[PDB]
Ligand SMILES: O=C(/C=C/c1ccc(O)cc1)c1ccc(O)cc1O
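Let's start with one chain on its own, the form deposited without the ligand, as structure tokens.
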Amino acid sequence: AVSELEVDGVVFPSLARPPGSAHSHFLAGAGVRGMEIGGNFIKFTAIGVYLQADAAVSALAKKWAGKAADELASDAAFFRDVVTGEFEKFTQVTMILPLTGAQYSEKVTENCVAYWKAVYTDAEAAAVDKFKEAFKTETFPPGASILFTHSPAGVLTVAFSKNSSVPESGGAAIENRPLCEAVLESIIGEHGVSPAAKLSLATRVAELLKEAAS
């Protein structure tokens, strides 16, 4: 089934074919990402979350079938299950405000870094280095998108999309399951950077799970 959603101006297609992926993805959820400055919620980006067209839902249904929107929303194990699921995920980050690749890299990376510090090998450091070198000569105006593909393997594909042409390569694919998962968890995790996305996601997947029961 599944519908297309519009966050701010950004329009997210219902069914998609991501770069670096052989399968179609359905729009699982979408929502604004912003900051709290001076007691005001400034919107920075619009995030869309896509899941593998049939792998996901079948996979989720085993622990989450029957459960409702609020129930799924109130459970961290759910969002960790979609983050870690044995299927392809995809994330679209479209800009409302302008960001630079350096700053973006800087604190999607530094928090993964910090956490891994607390418990972080050389594979992690290398993956991070490839990530930010992928990002530091780039610019993102309003409308510019970042396309993240999270393959079931831990391979992270990075594409960029100003305008309507083919997504442009962000470099070589980065094969590091911790970073690949972490990029997505920064969004949907427990201290997920976009609560709106999580709510939408939970609601829609709930609907899809009930619909299976013919």
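The first residue of the shown sequence is 1; numbering continues from there.
- Deposited sequence between residue 77 and residue 78: no residues lack coordinates (chain continuous).
- Averaged over CA atoms, B-factors in the entry run higher in 110 to 118 than in the other of 132 to 140 and 110 to 118.
- Comparing the deposited coordinates for 79 to 87 and 100 to 108, the stretch with the larger average C-alpha B-factor is 100 to 108.
- In this structure the maximum Cα B-factor among 171, 167, 31, 39 is found at 39.
- Annotation for residue 194: CA B-factor lies in the lowest third of the chain's modelled residues.
- Sorting the modelled residues of the chain by their CA temperature factor places residue 49 in the lowest third.
- Among the modelled residues of its chain, residue 22 has a C-alpha B-factor that falls in the highest third, as given in the PDB entry.
- Sort the chain's modelled residues by C-alpha temperature factor and residue 93 lands in the lowest third, per the entry.
- Placement of the Cα temperature factor of residue 1 within the chain: highest third of the modelled residues, per the deposited record.
This next part talks about the form deposited with the ligand bound, which is not shown.
- Note on the partner interface in the bound PDB entry: the residue among 139, 84, 121, 103 having a heavy atom within 4.5 angstroms of the ligand is 103.
- Taking a 4.5 Å heavy atom cutoff to the ligand in the bound PDB entry, the contact residue among 65, 35, 172, 153 is 35.
- Partner contact region in the bound PDB entry: 104 to 112, out of 69 to 77, 129 to 137, 104 to 112, 84 to 92, criterion any non-hydrogen atom within 4.5 Å of the ligand.
- Within this chain, residue 44 lines the site of the ligand in the bound PDB entry, having a heavy atom no more than 4.5 Å away.
- Taking the partner from the other structure, the ligand in the bound PDB entry has a heavy atom within 4.5 Å of a heavy atom of residue 99.
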